[PDB]
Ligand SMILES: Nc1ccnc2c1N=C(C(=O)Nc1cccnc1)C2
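Quick heads-up: it's one chain on its own, the form solved without this ligand, in structure tokens.
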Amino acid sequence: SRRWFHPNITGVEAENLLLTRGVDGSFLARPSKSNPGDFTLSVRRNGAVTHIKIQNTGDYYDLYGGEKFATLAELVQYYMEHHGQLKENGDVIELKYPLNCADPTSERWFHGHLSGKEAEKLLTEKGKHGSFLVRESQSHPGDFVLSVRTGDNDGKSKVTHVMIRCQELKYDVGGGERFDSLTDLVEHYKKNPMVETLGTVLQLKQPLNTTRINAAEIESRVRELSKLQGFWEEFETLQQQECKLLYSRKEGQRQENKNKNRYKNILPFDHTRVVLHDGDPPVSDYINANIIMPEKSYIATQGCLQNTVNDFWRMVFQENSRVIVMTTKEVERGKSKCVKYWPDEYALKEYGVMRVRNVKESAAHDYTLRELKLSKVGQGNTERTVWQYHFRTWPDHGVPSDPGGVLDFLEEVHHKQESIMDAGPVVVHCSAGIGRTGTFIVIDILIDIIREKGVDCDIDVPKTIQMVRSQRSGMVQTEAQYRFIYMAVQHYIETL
């Protein structure tokens, strides 16, 4: 569960919630009201409430007096499973009891102010057996309507509406149990379905999809998402689903692999990590990288450390990658983001058993292309060209104001990859390998659908992102990037 996240509470409401309904060790997370784009962890300790800032400019969640994390769920799990780690003066803050949110605003199935006719239209056109939604009742204010489609324009399927009464701060379907929130009600009737008098089982199988759009209508959806904004509601609804992606990251936590990570808590999932087989004959199989498969593949990786440069080249070699996309400068804000893992132009360098020649560098407005020759030492016939695309104009914080630059870059990367017979996955990296990396990969995936299937294809931005996030933690870090993905897709369709 991710019930500890409250999307619409102020710091004052948070303070009162913890003092009146919480105990020492109670906590919640919320979006920052003082500075949008930031978050706050509000914790009760010794009868008083502490507010801890969580910053995210696009690379990771940075907790004050704490560590750097790929998601808020990974952050919460870490402190709930590793005590004495979160520090104030040096005092230890304990996250013991998540204070649960009753607000349905970020539920996939909740549609708030939506009319019964619009809901029946959506369920008829986009629905399937067990598709459901919850909307606010217009006739009886304060009440709700649960609409479910069941079946297989021939009457083989139908929509059933169930009234949800809100009586004295609790929710019920006219009889039986009375629930503290719409979520508890939905969860209960998902496990224990209501059976109609003549036998129809009202299965709440899956929330109705309202995010899948036809590509040609992107501008229309972007316009709707810009109204009071829709982008934030959709992004936060996708964020709520991150609790389902807490997969094991054991290999990255091993003592011998600790120093191979740029950020100690930003780790590759064990089930998709790139396993290195060269093996100098103790632990030579690890790199902080994951294979990203749509549904052309990618490897999403962090910026090299001085001690991981040789592992990076072994990975590029093993996977037969011919294209690298670097989305960061080596130094940003005086901080090292990626070490220079390539030789100077015309120079030849050995990185362990791998040999790399920088043949030629070409400078474009937004990027530099480096033509590299990679081979294994003592094996001349293993030589292959590796094209390194280094995007250099991405801002220090946030995203570019126009996606034109990124799109032209991605179009070039795509054409290079397509021209090379049996090229392995495209390697993509930034600093932590999750924010800018995930942003570039998601745009690439979406535009690839528009290339193949044309402008009448179906695209679903949150579905694509959830799919990439199941293969590497926190792929696409912020709301700014989420909106940038929609803007990029919109610009592409418009220039077609």
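Under this definition, the rigid core comprises the largest set of C-alpha atoms superposing within 1.5 Å between the forms. Start at 1 and count along the sequence shown; that's the residue number.
Per the compared records, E295 is unresolved in at least a third of the other entries whose models span it. Not even a third of the other compared entries skip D402; each one keeps it along with the residues on either side. In this entry, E81 and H82 are joined directly, with no residue of the deposited sequence lacking coordinates between them. According to the entry, the deposited sequence has 1 to 3 residues without coordinates between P281 and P282. Taking only CA atoms, the mean B-factor in the PDB entry is higher for 11 to 19 than for the other of 478 to 486 and 11 to 19. A summary of the deposited B-factors shows that, of 342 to 350 and 189 to 197, the stretch with the larger mean C-alpha value is 189 to 197. Residue set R355, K156, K296, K329: peak C-alpha B-factor at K156 (per PDB entry). By the numbers in the PDB entry, the CA B factor is greatest at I218 among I218, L182, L305, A423. Among all modelled residues in its chain, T40 ranks in the middle third by Cα B-factor.
Ranked by C-alpha B-factor against the other modelled residues of its chain, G433 falls in the lowest third. Ranked within its chain, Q55 lands in the middle third, by CA B factor from the PDB record. When the modelled residues of the chain are ordered by their C-alpha B factor, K68 lands in the middle third. Compared with the other modelled residues of the chain, the Cα B-factor recorded for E319 ranks in the lowest third.
What comes next is about the form solved in complex with this ligand, which is not displayed.
No residue in the set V173, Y189 and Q203 has a non-hydrogen atom no more than 4.5 Å from this ligand in the bound PDB entry. Though the partner is left out of this view, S131 does not reach within 4.5 Å of this ligand in the bound PDB entry, counting heavy atoms only.
None of the heavy atoms of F27 is located within 4.5 Å of this ligand in the bound PDB entry. For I93, no non-hydrogen atom is located within 4.5 Å of this ligand in the bound PDB entry, even though that partner is not displayed. Using a 4.5 angstroms limit between non-hydrogen atoms, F312 is distant from this ligand in the bound PDB entry. Contact annotation: of the candidates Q239, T183, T150, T272, the single residue with a non-hydrogen atom within 4.5 angstroms of this ligand in the bound PDB entry is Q239. Here is the short version: of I164, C243, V386, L123, the single residue with a heavy atom within 4.5 Å of this ligand in the bound PDB entry is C243. For this ligand in the bound PDB entry, the listed stretch (228 to 236, 299 to 307, 156 to 164, 140 to 148) containing residues with heavy atoms inside 4.5 Å is 228 to 236. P36 is among the residues whose C-alpha shifts by 2 Å or more between the shown form and the other one once the rigid core is aligned. Figure legend: C-alpha atoms of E15 and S34, shown here, are separated by at least 3 angstroms more in the bound PDB entry.
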